[PDB]
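Comments concern the structure below.
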Amino acid sequence: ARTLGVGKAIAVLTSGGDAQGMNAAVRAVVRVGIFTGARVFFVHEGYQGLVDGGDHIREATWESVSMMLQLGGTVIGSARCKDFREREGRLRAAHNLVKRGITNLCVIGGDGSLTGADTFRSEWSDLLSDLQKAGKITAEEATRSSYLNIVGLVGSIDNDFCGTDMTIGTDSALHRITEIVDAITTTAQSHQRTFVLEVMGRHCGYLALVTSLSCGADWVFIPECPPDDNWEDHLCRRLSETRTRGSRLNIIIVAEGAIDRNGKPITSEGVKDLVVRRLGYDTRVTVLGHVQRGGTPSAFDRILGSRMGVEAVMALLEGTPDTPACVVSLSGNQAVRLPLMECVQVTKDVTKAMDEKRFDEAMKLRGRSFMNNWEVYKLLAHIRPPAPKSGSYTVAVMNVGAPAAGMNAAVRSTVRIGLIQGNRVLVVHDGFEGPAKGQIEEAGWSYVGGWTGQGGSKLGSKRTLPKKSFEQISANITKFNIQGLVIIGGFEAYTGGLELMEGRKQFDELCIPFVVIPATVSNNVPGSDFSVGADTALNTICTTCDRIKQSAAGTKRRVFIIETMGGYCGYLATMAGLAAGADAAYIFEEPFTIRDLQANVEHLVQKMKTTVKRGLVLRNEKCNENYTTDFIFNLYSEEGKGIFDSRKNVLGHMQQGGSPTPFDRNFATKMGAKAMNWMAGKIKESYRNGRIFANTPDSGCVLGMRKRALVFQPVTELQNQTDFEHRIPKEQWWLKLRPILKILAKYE
Ligand SMILES: Nc1ncnc2c1ncn2[C@@H]1O[C@H](COP(=O)(O)OP(=O)(O)OP(=O)(O)O)[C@@H](O)[C@H]1O
Ligand SMILES: Nc1ncnc2c1ncn2[C@@H]1O[C@H](COP(=O)(O)OP(=O)(O)OP(=O)(O)O)[C@@H](O)[C@H]1O
Ligand SMILES: Nc1ncnc2c1ncn2[C@@H]1O[C@H](COP(=O)(O)OP(=O)(O)O)[C@@H](O)[C@H]1O
């Protein structure tokens with residue numbers, strides 16, 4: 001609370017290497033730190049300034065963290081101080097803390113920096129008694145004893161640290177790597193070019209794998225699972241197999257830490273030599289390096305930064321001389337404070353486990369999803385697939401609703417994974433106008449060839465519903481022999497789904513199972529924390545939001561009022577509102593009354609009249625029937641005549657058919673499989689007498705993100721979890737963020 005951090009001060013620090021998002025962390029850490037009545041102190045140049053001190057520990061204001069969200073790298077500054085790795089230095093830093101009076105320390109760093117603060121919290125007890133032989137009056141130690149709180153905030157493009165689902169910057173890092181391959185990829189038209197990108201990752205194959213999974217890398221090399229035995233043949237057999245199979249380029253991604261069975265490291269150049277000496281294609285190595293850390297932080301990292309930042313400060317002010325070292329982080333999409341020590345002691349475990357040829361233990365300590373990506377990567381990466389028999393179940397996949405960045409990525413694994421099960425996969429053009437009009441084709445392994453990155457809807461998606469035409473579709477699911485349905489779409493996929501169950505009452509054909517994969521820009525589908533195409537949309541809003549915070553204004557001081565899309569769902573606006581640090585984001589799920597709206601302005605003004613020079617006001621395209629854009633606009637204008645200028649922008653639905661970011665391509669790839677695996681089951685389990693009869697509710701689901709796991713939920717079970725008037729779910733997780741979004745704008 002406002003009185004919580006009163007009579008309390010904290011010093012934030014940014015050790016480790018530049019990770020896009022650190023800046024948002026700091027900001028949040030300062031903004032929320034003040035807010036809690038506490039005092040926040042900067043500490044330029046990572047652990048260094050802490051050791052040094054003096055002019056390296058300046059005090060932060062609120063205006064100080066202004067306009068940082070959008071900036072990459074660290075601004076508080078990051079060094080490499082090795083003096084701290086020794087006590088002949090930690091003691092001087094401590095001196096600096098106690099000399100400046102500070103009981104809380106936020107460390108935004110990596111596996112090492114984090115492990116350093118760790119050992120610091122520990123070797124802190126004796127640090128007093130020793131720095132007492134001559135340090136400062138012993139009156140202080142008896143006034144700052146077993147009270148040295150430190151929160152570790154994980155920032156690293158490695159995504160190595162264990163205990164956190166994501167680290168800062170890795171998504172942006174993912175964007176960089178992606179934009180390149182995205183470009184490498186869309187040019188190779190001449191010779192059978194064969195790029196050999198080498199990407200980051202000391203000991204972690206993460207970025208390397210994930211980047212292969214989004215590009216459709218032809219082969220990959222990662223640490224935790226070295227290519228044991230004669231592979232070159234394999235890799236060449238492959239590259240040639242695929243060469244004659246008809247293809248232009250090839251993208252062999254290589255993690256830096258890429259080693260082999262024994263350990264004698266695989267080299268990006270070596271790889272390059274191989275292919276040329278054995279196959280002789282014009283191969284060309286590239287080594288992205290230190291650019292992955294560049295560019296600007298993606299919508300996710302800015303957001304993730306702010307969330308972690310707030311978590312830290314809370315965790316800092318909620319500490320007790322009996323509470324252990326803390327490391328806040330994300331998991332199952334919610335903040336968590338984890339035992340610093342436990343995290344380090346383990347995140348280390350993986351290294352040794354890897355030092356000993358024990359890679360199974362490696363890939364395990366890493367495990368879960370990682371292991372999955374690996375598994376799914378290889379599968380979809382195959383050149384094959386198997387020989388199609390006859391007793392094979394035949395599935396149909398289709399798109400329904402407005403298009404999304406990821407649909408084609410989902411349709412591609414759905415078909416590949418299907419085909420690899422030995423099942424048949426039909427492809428439907430134009431959603432439900434699909435099984436109905438009869439536009440249905442058989443999709444072979446190549447049909448989906450290189451789609452994972454293409455945006456829009458290759459198959460065609462319409463929003464029309466099934467019911468009105470059960471006759472024709474059922475007529476068709478019999479003719480073509482459809483025996484399961486995979487629907488990638490948004491609300492009218494969920495909705496058209498329910499619409500299918502009822503049919504199971506009047507029709508026996510509709511008595512097949514179906515899974516609904518959420519693909520909607522708006523993130524309005526019930527039964528999942530995320531949907532495919534939101535991140536992509538979101539990243540574009542957040543982008544143009546930043547580009548608009550410029551405008552060739554004939555003078556400074558100016559306020560922008562922007563209307564986002566997403567019908568009644570305040571996900572984008574709220575999120576974008578937070579990613580681009582707007583003063584206000586008017587959404588539906590959170591009703592405003594002119595009594596408020598007023599106060600929201602008799603506020604930005606009190607700011608445009610000082611600190612702030614550009615203002616951001618986000619409005620959900622449906623937050624309120626009366627208080628339209630134009631209303632909010634005009635209100636904000638008049639009220640600020642003289643003090644500032646103002647323009648109003650309506651983004652609207654700027655062709656959401658651009659291109660999927662790496663996260664939607666992964667998300668749509670991972671599910672498209674998860675579903676096609678789950679569905680192959682429900683189809684066996686529903687085969688009875690030379691016919692299938694799914695008439696239970698389990699056979700009709702929507703697969704979605706729900707906390708730490710993906711989960712199949714039956715459409716009917718969700719009916720009472722969804723407001724159909726406004727086509728949105730009831731209980732949106734993110735409404736939990738609104739408050740932080742508000743304190744960062746300096747409210748309450
Ligand atoms: N093992 C350690 N013990 C104590 N302090 C450390 C340790 N490792 C790093 N530090 C502190 O952090 C500084 C920078 O370390 P480092 O470059 O490893 O950052 P990091 O958090 O490990 O991120 P990265 O994954 O890029 O290594 C060191 O100079 C020292 O100040
Ligand atoms: N794309 C890939 N990247 C890295 N390793 C791969 C890839 N594809 C297969 N492998 C490796 O090849 C070995 C398994 O071969 P599998 O028998 O699983 O594929 P395959 O049928 O021989 O090849 P294809 O599927 O290219 O004919 C394992 O080491 C597996 O990790
Ligand atoms: N861009 C993002 N937007 C929302 N959540 C994200 C994003 N990137 C990662 N996450 C979170 O990271 C965790 C999932 O990581 P993971 O299983 O490795 O999937 P991927 O392999 O797609 O990262 C979840 O908490 C997920 O919500």
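Residues in the structure tokens are named by chain (A, B, ... in the order shown) and by number from 1 within that chain; ligands are numbered from 1 in the order shown.
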For ligand 1, return the neighbouring residues as a ChimeraX atom specification (distance at most 10 Å; only C-alpha atoms and all ligand atoms). /A:14-19,46-48,50-51,78-87,89-90,107-120,154-161,201-203
With only C-alpha atoms counted and 7 Å as the cut-off, give the residues of region 497-586 of chain A in contact with region 466-484 of chain A, each with its shortest interatomic distance in Å and the pair that gives it, as CSV.
```
residue,atom,partner,partner_atom,distance
A:499,CA,A:467,CA,6.3
A:509,CA,A:474,CA,5.6
A:510,CA,A:474,CA,6.4
A:512,CA,A:484,CA,5.4
A:513,CA,A:484,CA,5.1
A:514,CA,A:484,CA,5.5
```
Could the residues that lie within 8 Å of ligand 3, counting only C-alpha atoms and all ligand atoms, be listed as JSON, numbers by chain? {"A": [165, 166, 171, 210, 299, 300, 301, 330, 331, 332, 333, 334, 368, 369, 370, 373, 529, 530, 535, 663, 664, 666, 667, 670, 705, 707, 708]}
Please write the residues from the selection above to a file, keeping N, CA and C atoms, as a tab-separated table (two decimals), in the first residue's frame.
```tsv
chain	number	residue	atom	x	y	z
A	165	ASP	N	9.64	-19.22	-16.69
A	165	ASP	CA	9.15	-19.61	-18.01
A	165	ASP	C	9.76	-18.78	-19.15
A	166	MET	N	10.09	-17.53	-18.84
A	166	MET	CA	10.71	-16.61	-19.79
A	166	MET	C	11.63	-15.64	-19.08
A	171	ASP	N	12.26	-12.78	-26.25
A	171	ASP	CA	11.26	-12.67	-27.32
A	171	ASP	C	11.77	-11.70	-28.37
A	210	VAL	N	13.81	-22.97	-31.08
A	210	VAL	CA	12.65	-22.11	-31.29
A	210	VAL	C	12.67	-21.35	-32.61
A	299	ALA	N	6.63	-6.15	-27.72
A	299	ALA	CA	5.49	-5.93	-26.83
A	299	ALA	C	5.55	-6.84	-25.61
A	300	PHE	N	5.94	-8.09	-25.81
A	300	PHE	CA	6.02	-9.01	-24.70
A	300	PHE	C	7.09	-8.63	-23.68
A	301	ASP	N	8.29	-8.32	-24.15
A	301	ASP	CA	9.35	-8.00	-23.21
A	301	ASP	C	9.10	-6.74	-22.42
A	330	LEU	N	7.88	-15.48	-14.05
A	330	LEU	CA	6.63	-15.91	-14.64
A	330	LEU	C	6.58	-17.43	-14.69
A	331	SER	N	5.38	-17.98	-14.58
A	331	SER	CA	5.15	-19.42	-14.67
A	331	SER	C	3.65	-19.63	-14.76
A	332	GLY	N	3.23	-20.34	-15.79
A	332	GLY	CA	1.82	-20.57	-15.97
A	332	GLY	C	1.17	-19.22	-16.11
A	333	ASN	N	1.94	-18.26	-16.63
A	333	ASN	CA	1.46	-16.90	-16.88
A	333	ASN	C	1.12	-16.03	-15.65
A	334	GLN	N	1.68	-16.36	-14.48
A	334	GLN	CA	1.48	-15.57	-13.25
A	334	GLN	C	2.82	-15.36	-12.52
A	368	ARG	N	10.23	-30.54	-20.18
A	368	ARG	CA	8.87	-30.06	-20.32
A	368	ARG	C	8.59	-29.73	-21.79
A	369	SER	N	8.36	-28.44	-21.99
A	369	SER	CA	8.08	-27.84	-23.27
A	369	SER	C	9.30	-27.98	-24.16
A	370	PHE	N	10.44	-27.55	-23.63
A	370	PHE	CA	11.70	-27.63	-24.36
A	370	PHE	C	11.71	-28.94	-25.12
A	373	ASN	N	9.24	-29.10	-27.95
A	373	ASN	CA	9.63	-28.33	-29.14
A	373	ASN	C	10.58	-29.18	-29.95
A	529	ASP	N	-5.80	-18.46	-22.10
A	529	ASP	CA	-5.22	-17.18	-21.71
A	529	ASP	C	-4.75	-16.42	-22.96
A	530	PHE	N	-4.38	-17.14	-24.01
A	530	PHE	CA	-3.94	-16.52	-25.26
A	530	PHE	C	-4.56	-17.17	-26.47
A	535	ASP	N	-0.43	-11.57	-30.11
A	535	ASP	CA	0.93	-11.05	-30.05
A	535	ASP	C	1.22	-10.28	-31.33
A	663	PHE	N	6.40	-16.03	-31.73
A	663	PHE	CA	5.53	-16.63	-30.72
A	663	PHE	C	4.22	-17.17	-31.25
A	664	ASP	N	3.62	-16.52	-32.23
A	664	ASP	CA	2.38	-17.08	-32.73
A	664	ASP	C	2.71	-18.27	-33.60
A	666	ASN	N	5.06	-20.36	-33.08
A	666	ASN	CA	5.34	-21.49	-32.22
A	666	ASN	C	4.01	-21.95	-31.68
A	667	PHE	N	3.30	-21.03	-31.04
A	667	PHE	CA	1.99	-21.31	-30.47
A	667	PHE	C	1.13	-22.01	-31.49
A	670	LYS	N	2.73	-25.68	-32.08
A	670	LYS	CA	2.65	-26.56	-30.93
A	670	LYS	C	1.26	-27.15	-30.69
A	705	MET	N	-4.76	-22.30	-23.39
A	705	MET	CA	-3.78	-22.09	-22.35
A	705	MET	C	-4.51	-21.79	-21.06
A	707	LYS	N	-3.20	-21.42	-17.23
A	707	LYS	CA	-2.11	-21.52	-16.28
A	707	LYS	C	-0.98	-22.33	-16.89
A	708	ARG	N	-0.18	-22.99	-16.06
A	708	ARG	CA	0.99	-23.71	-16.58
A	708	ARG	C	0.80	-24.72	-17.70
```
Which residues are near ligand 2 in this structure, taking near to mean any atom at most 9 Å from a ligand atom and counting only C-alpha atoms and all ligand atoms? Format them as a PDB file with N, CA, C and O atoms, in the first residue's frame.
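Written out: out.pdb:
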```pdb
ATOM      1  N   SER A 212      14.299 -22.535 -35.113  1.00  0.00           N
ATOM      2  CA  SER A 212      14.202 -23.542 -36.164  1.00  0.00           C
ATOM      3  C   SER A 212      12.745 -23.907 -36.337  1.00  0.00           C
ATOM      4  O   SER A 212      12.263 -24.177 -37.435  1.00  0.00           O
ATOM      5  N   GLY A 216      11.501 -23.341 -39.849  1.00  0.00           N
ATOM      6  CA  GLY A 216      11.415 -24.605 -40.523  1.00  0.00           C
ATOM      7  C   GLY A 216      12.832 -24.920 -40.901  1.00  0.00           C
ATOM      8  O   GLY A 216      13.128 -25.222 -42.042  1.00  0.00           O
ATOM      9  N   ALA A 217      13.721 -24.816 -39.928  1.00  0.00           N
ATOM     10  CA  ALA A 217      15.127 -25.093 -40.154  1.00  0.00           C
ATOM     11  C   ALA A 217      15.284 -26.521 -40.691  1.00  0.00           C
ATOM     12  O   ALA A 217      14.582 -27.435 -40.268  1.00  0.00           O
ATOM     13  N   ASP A 218      16.208 -26.694 -41.628  1.00  0.00           N
ATOM     14  CA  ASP A 218      16.466 -27.978 -42.251  1.00  0.00           C
ATOM     15  C   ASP A 218      17.211 -28.942 -41.369  1.00  0.00           C
ATOM     16  O   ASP A 218      17.210 -30.143 -41.614  1.00  0.00           O
ATOM     17  N   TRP A 219      17.845 -28.416 -40.339  1.00  0.00           N
ATOM     18  CA  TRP A 219      18.575 -29.249 -39.406  1.00  0.00           C
ATOM     19  C   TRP A 219      18.865 -28.292 -38.286  1.00  0.00           C
ATOM     20  O   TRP A 219      18.648 -27.105 -38.465  1.00  0.00           O
ATOM     21  N   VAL A 220      19.324 -28.773 -37.140  1.00  0.00           N
ATOM     22  CA  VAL A 220      19.599 -27.887 -36.018  1.00  0.00           C
ATOM     23  C   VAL A 220      20.685 -28.473 -35.173  1.00  0.00           C
ATOM     24  O   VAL A 220      20.974 -29.660 -35.273  1.00  0.00           O
ATOM     25  N   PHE A 221      21.317 -27.665 -34.340  1.00  0.00           N
ATOM     26  CA  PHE A 221      22.346 -28.231 -33.493  1.00  0.00           C
ATOM     27  C   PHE A 221      22.146 -27.574 -32.181  1.00  0.00           C
ATOM     28  O   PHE A 221      22.157 -26.367 -32.138  1.00  0.00           O
ATOM     29  N   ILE A 222      21.932 -28.335 -31.117  1.00  0.00           N
ATOM     30  CA  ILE A 222      21.782 -27.704 -29.806  1.00  0.00           C
ATOM     31  C   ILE A 222      22.568 -28.534 -28.791  1.00  0.00           C
ATOM     32  O   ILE A 222      22.752 -29.734 -28.977  1.00  0.00           O
ATOM     33  N   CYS A 225      21.487 -31.968 -26.377  1.00  0.00           N
ATOM     34  CA  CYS A 225      21.268 -33.205 -27.106  1.00  0.00           C
ATOM     35  C   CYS A 225      22.118 -33.291 -28.387  1.00  0.00           C
ATOM     36  O   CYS A 225      21.595 -33.228 -29.499  1.00  0.00           O
ATOM     37  N   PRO A 226      23.449 -33.442 -28.235  1.00  0.00           N
ATOM     38  CA  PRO A 226      24.401 -33.543 -29.349  1.00  0.00           C
ATOM     39  C   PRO A 226      24.096 -34.733 -30.237  1.00  0.00           C
ATOM     40  O   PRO A 226      23.746 -35.805 -29.750  1.00  0.00           O
ATOM     41  N   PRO A 227      24.255 -34.568 -31.553  1.00  0.00           N
ATOM     42  CA  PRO A 227      24.026 -35.509 -32.668  1.00  0.00           C
ATOM     43  C   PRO A 227      24.684 -36.901 -32.675  1.00  0.00           C
ATOM     44  O   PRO A 227      24.934 -37.477 -33.740  1.00  0.00           O
ATOM     45  N   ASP A 228      24.944 -37.439 -31.491  1.00  0.00           N
ATOM     46  CA  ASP A 228      25.555 -38.756 -31.335  1.00  0.00           C
ATOM     47  C   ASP A 228      25.595 -39.639 -32.596  1.00  0.00           C
ATOM     48  O   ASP A 228      24.553 -39.968 -33.169  1.00  0.00           O
ATOM     49  N   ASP A 229      26.814 -39.995 -33.012  1.00  0.00           N
ATOM     50  CA  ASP A 229      27.095 -40.850 -34.172  1.00  0.00           C
ATOM     51  C   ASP A 229      26.987 -40.237 -35.560  1.00  0.00           C
ATOM     52  O   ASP A 229      26.537 -39.113 -35.729  1.00  0.00           O
ATOM     53  N   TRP A 231      26.367 -38.433 -38.285  1.00  0.00           N
ATOM     54  CA  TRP A 231      25.286 -37.537 -38.678  1.00  0.00           C
ATOM     55  C   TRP A 231      25.453 -36.873 -40.016  1.00  0.00           C
ATOM     56  O   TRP A 231      24.485 -36.702 -40.739  1.00  0.00           O
ATOM     57  N   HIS A 234      23.691 -38.362 -42.554  1.00  0.00           N
ATOM     58  CA  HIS A 234      22.298 -38.053 -42.306  1.00  0.00           C
ATOM     59  C   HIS A 234      22.001 -36.673 -42.889  1.00  0.00           C
ATOM     60  O   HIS A 234      21.221 -36.549 -43.827  1.00  0.00           O
ATOM     61  N   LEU A 235      22.656 -35.651 -42.349  1.00  0.00           N
ATOM     62  CA  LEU A 235      22.468 -34.265 -42.783  1.00  0.00           C
ATOM     63  C   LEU A 235      22.641 -34.006 -44.287  1.00  0.00           C
ATOM     64  O   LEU A 235      22.064 -33.058 -44.861  1.00  0.00           O
ATOM     65  N   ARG A 237      22.355 -36.682 -46.631  1.00  0.00           N
ATOM     66  CA  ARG A 237      21.313 -37.586 -47.144  1.00  0.00           C
ATOM     67  C   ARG A 237      20.068 -36.727 -47.199  1.00  0.00           C
ATOM     68  O   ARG A 237      19.377 -36.668 -48.216  1.00  0.00           O
ATOM     69  N   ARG A 238      19.833 -36.035 -46.079  1.00  0.00           N
ATOM     70  CA  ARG A 238      18.693 -35.162 -45.906  1.00  0.00           C
ATOM     71  C   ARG A 238      18.712 -34.050 -46.898  1.00  0.00           C
ATOM     72  O   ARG A 238      17.827 -33.967 -47.749  1.00  0.00           O
ATOM     73  N   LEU A 239      19.733 -33.207 -46.796  1.00  0.00           N
ATOM     74  CA  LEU A 239      19.849 -32.051 -47.670  1.00  0.00           C
ATOM     75  C   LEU A 239      19.766 -32.354 -49.148  1.00  0.00           C
ATOM     76  O   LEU A 239      19.346 -31.496 -49.926  1.00  0.00           O
ATOM     77  N   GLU A 241      18.237 -35.386 -50.211  1.00  0.00           N
ATOM     78  CA  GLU A 241      16.898 -35.967 -50.292  1.00  0.00           C
ATOM     79  C   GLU A 241      16.035 -34.746 -50.585  1.00  0.00           C
ATOM     80  O   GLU A 241      15.438 -34.637 -51.660  1.00  0.00           O
ATOM     81  N   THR A 242      16.035 -33.790 -49.660  1.00  0.00           N
ATOM     82  CA  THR A 242      15.245 -32.578 -49.842  1.00  0.00           C
ATOM     83  C   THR A 242      15.568 -31.764 -51.092  1.00  0.00           C
ATOM     84  O   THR A 242      14.711 -31.034 -51.589  1.00  0.00           O
ATOM     85  N   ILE A 252      20.286 -24.332 -42.093  1.00  0.00           N
ATOM     86  CA  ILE A 252      20.788 -25.178 -41.011  1.00  0.00           C
ATOM     87  C   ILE A 252      21.063 -24.251 -39.819  1.00  0.00           C
ATOM     88  O   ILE A 252      22.084 -23.590 -39.826  1.00  0.00           O
ATOM     89  N   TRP A 374      11.550 -29.752 -29.229  1.00  0.00           N
ATOM     90  CA  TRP A 374      12.549 -30.610 -29.833  1.00  0.00           C
ATOM     91  C   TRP A 374      11.817 -31.661 -30.613  1.00  0.00           C
ATOM     92  O   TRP A 374      11.909 -31.726 -31.835  1.00  0.00           O
ATOM     93  N   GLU A 375      11.037 -32.450 -29.884  1.00  0.00           N
ATOM     94  CA  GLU A 375      10.255 -33.535 -30.454  1.00  0.00           C
ATOM     95  C   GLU A 375       9.400 -33.114 -31.644  1.00  0.00           C
ATOM     96  O   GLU A 375       9.472 -33.714 -32.719  1.00  0.00           O
ATOM     97  N   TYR A 377       9.678 -30.331 -33.390  1.00  0.00           N
ATOM     98  CA  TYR A 377      10.532 -29.719 -34.401  1.00  0.00           C
ATOM     99  C   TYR A 377      10.949 -30.766 -35.425  1.00  0.00           C
ATOM    100  O   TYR A 377      10.667 -30.622 -36.636  1.00  0.00           O
ATOM    101  N   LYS A 378      11.620 -31.809 -34.919  1.00  0.00           N
ATOM    102  CA  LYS A 378      12.113 -32.938 -35.712  1.00  0.00           C
ATOM    103  C   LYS A 378      11.024 -33.572 -36.560  1.00  0.00           C
ATOM    104  O   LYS A 378      11.219 -33.816 -37.755  1.00  0.00           O
ATOM    105  N   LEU A 379       9.877 -33.831 -35.941  1.00  0.00           N
ATOM    106  CA  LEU A 379       8.757 -34.460 -36.630  1.00  0.00           C
ATOM    107  C   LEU A 379       8.309 -33.714 -37.841  1.00  0.00           C
ATOM    108  O   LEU A 379       8.209 -34.289 -38.929  1.00  0.00           O
ATOM    109  N   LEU A 380       8.021 -32.431 -37.638  1.00  0.00           N
ATOM    110  CA  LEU A 380       7.568 -31.569 -38.725  1.00  0.00           C
ATOM    111  C   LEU A 380       8.689 -31.351 -39.743  1.00  0.00           C
ATOM    112  O   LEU A 380       8.442 -31.164 -40.946  1.00  0.00           O
ATOM    113  N   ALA A 381       9.925 -31.391 -39.237  1.00  0.00           N
ATOM    114  CA  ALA A 381      11.134 -31.210 -40.042  1.00  0.00           C
ATOM    115  C   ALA A 381      11.429 -32.376 -40.977  1.00  0.00           C
ATOM    116  O   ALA A 381      12.118 -32.199 -41.968  1.00  0.00           O
ATOM    117  N   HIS A 382      10.916 -33.561 -40.654  1.00  0.00           N
ATOM    118  CA  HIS A 382      11.115 -34.762 -41.479  1.00  0.00           C
ATOM    119  C   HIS A 382      10.964 -34.465 -42.939  1.00  0.00           C
ATOM    120  O   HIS A 382      10.373 -33.470 -43.327  1.00  0.00           O
ATOM    121  N   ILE A 383      11.480 -35.358 -43.758  1.00  0.00           N
ATOM    122  CA  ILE A 383      11.388 -35.152 -45.189  1.00  0.00           C
ATOM    123  C   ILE A 383      10.274 -36.031 -45.685  1.00  0.00           C
ATOM    124  O   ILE A 383       9.544 -35.656 -46.593  1.00  0.00           O
ATOM    125  N   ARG A 384      10.190 -37.201 -45.040  1.00  0.00           N
ATOM    126  CA  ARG A 384       9.254 -38.295 -45.307  1.00  0.00           C
ATOM    127  C   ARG A 384       7.972 -37.895 -46.010  1.00  0.00           C
ATOM    128  O   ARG A 384       8.033 -37.339 -47.101  1.00  0.00           O
ATOM    129  N   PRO A 385       6.791 -38.229 -45.457  1.00  0.00           N
ATOM    130  CA  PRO A 385       6.341 -38.942 -44.259  1.00  0.00           C
ATOM    131  C   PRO A 385       6.049 -40.401 -44.633  1.00  0.00           C
ATOM    132  O   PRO A 385       6.340 -40.821 -45.749  1.00  0.00           O
TER     133      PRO A 385
END
```
Using only C-alpha atoms, which protein or nucleic acid residues come within 12 Å of region 592-595 of chain A? Drop anything in the same chain fewer than 3 positions from it, and give the result as a count of residues only. 23
Could you pull out the residues in region 203-267 of chain A that DSSP calls strand (DSSP E or B) from the backbone, as a ChimeraX atom specification? /A:219,251-252,254-255
Selected residues, C-alpha atoms, written as a CSV table (one decimal), in the first residue's frame, please.
```
chain,number,residue,atom,x,y,z
A,219,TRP,CA,18.6,-29.2,-39.4
A,251,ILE,CA,18.6,-23.1,-43.4
A,252,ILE,CA,20.8,-25.2,-41.0
A,254,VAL,CA,23.5,-23.8,-35.2
A,255,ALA,CA,23.6,-22.9,-31.5
```
Per DSSP on the backbone, what are the alpha helix (DSSP H) residues of region 479-555 of chain A, as a ChimeraX atom specification? /A:479,491-506,534-548
Can you list, as number ranges by chain, every protein, DNA or RNA residue that comes within 10 Å of residue 125 (chain A) when you count only C-alpha atoms, leaving out same-chain residues fewer than 2 positions away? A: 120-123, 127-130, 145-148
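Residue nearest residue 106 (chain A), chosen from A:364, A:327, A:256, A:281 and counting only C-alpha atoms: A:327.
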I'd like the neighbourhood of residue 534 (chain A) as an mmCIF file with N, CA and C atoms, in the first residue's frame, where a residue qualifies if any of its atoms comes within 7 Å (using only C-alpha atoms), though same-chain residues fewer than 4 positions away should be ignored.
```cif
data_model
loop_
_atom_site.group_PDB
_atom_site.id
_atom_site.type_symbol
_atom_site.label_atom_id
_atom_site.label_comp_id
_atom_site.auth_asym_id
_atom_site.auth_seq_id
_atom_site.Cartn_x
_atom_site.Cartn_y
_atom_site.Cartn_z
ATOM 1 N N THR A 520 -7.334 -15.865 -32.882
ATOM 2 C CA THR A 520 -8.050 -14.620 -33.018
ATOM 3 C C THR A 520 -7.160 -13.499 -32.544
ATOM 4 N N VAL A 521 -7.142 -12.429 -33.325
ATOM 5 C CA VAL A 521 -6.383 -11.220 -33.028
ATOM 6 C C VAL A 521 -6.770 -10.645 -31.692
ATOM 7 N N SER A 522 -8.072 -10.686 -31.428
ATOM 8 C CA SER A 522 -8.702 -10.140 -30.249
ATOM 9 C C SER A 522 -8.553 -10.815 -28.918
ATOM 10 N N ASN A 523 -8.164 -12.089 -28.900
ATOM 11 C CA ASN A 523 -7.990 -12.837 -27.657
ATOM 12 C C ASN A 523 -9.271 -12.843 -26.846
ATOM 13 N N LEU A 538 -0.994 -7.225 -31.330
ATOM 14 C CA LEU A 538 -0.416 -6.445 -30.259
ATOM 15 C C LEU A 538 0.922 -5.807 -30.603
#
```
Counting only C-alpha atoms, which residues of region 372-455 of chain A fall within 12 Å of region 687-690 of chain A, and what is the closest atom pair for each with its distance in Å at one decimal, ordered by chain and rising number, as CSV?
```
residue,atom,partner,partner_atom,distance
A:391,CA,A:690,CA,10.5
A:392,CA,A:687,CA,11.8
A:393,CA,A:687,CA,9.6
```
Residues of the last selection are to be written out with N, CA and C atoms, as a short mmCIF file (atom, residue, chain, number, x, y, z; two decimals), in the first residue's frame.
```cif
data_model
loop_
_atom_site.label_atom_id
_atom_site.label_comp_id
_atom_site.auth_asym_id
_atom_site.auth_seq_id
_atom_site.Cartn_x
_atom_site.Cartn_y
_atom_site.Cartn_z
N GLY A 391 -6.82 -48.46 -43.69
CA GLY A 391 -7.58 -48.38 -42.45
C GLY A 391 -7.27 -47.13 -41.66
N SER A 392 -6.81 -46.12 -42.38
CA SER A 392 -6.43 -44.86 -41.81
C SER A 392 -7.60 -43.90 -41.60
N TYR A 393 -7.67 -43.33 -40.39
CA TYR A 393 -8.72 -42.38 -40.04
C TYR A 393 -8.47 -41.13 -40.85
#
```
Would you kindly return, as a VMD selection string, each protein, DNA or RNA residue with an atom no farther than 12 Å from any atom of residue 193 (chain A), considering only C-alpha atoms and excluding same-chain residues fewer than 2 positions away? chain A and resid 184 to 191 195 to 196 239 243 247 to 252 272 275 to 276 280 to 285
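For residue 33 (chain A), the set of protein, DNA and RNA residues having any atom at most 8 Å away, when counting only C-alpha atoms and skipping those fewer than 6 positions along the same chain, is residues 5, 10, 39, 40 and 313 of chain A.
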Would you save the residues of that selection, restricted to C-alpha atoms, as a tab-separated table (two decimals), in the first residue's frame?
```
chain	number	residue	atom	x	y	z
A	5	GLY	CA	7.43	1.34	1.52
A	10	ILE	CA	15.83	0.64	-2.55
A	39	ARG	CA	12.71	5.83	-2.15
A	40	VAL	CA	14.40	4.29	-5.19
A	313	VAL	CA	9.30	-4.16	-5.39
```
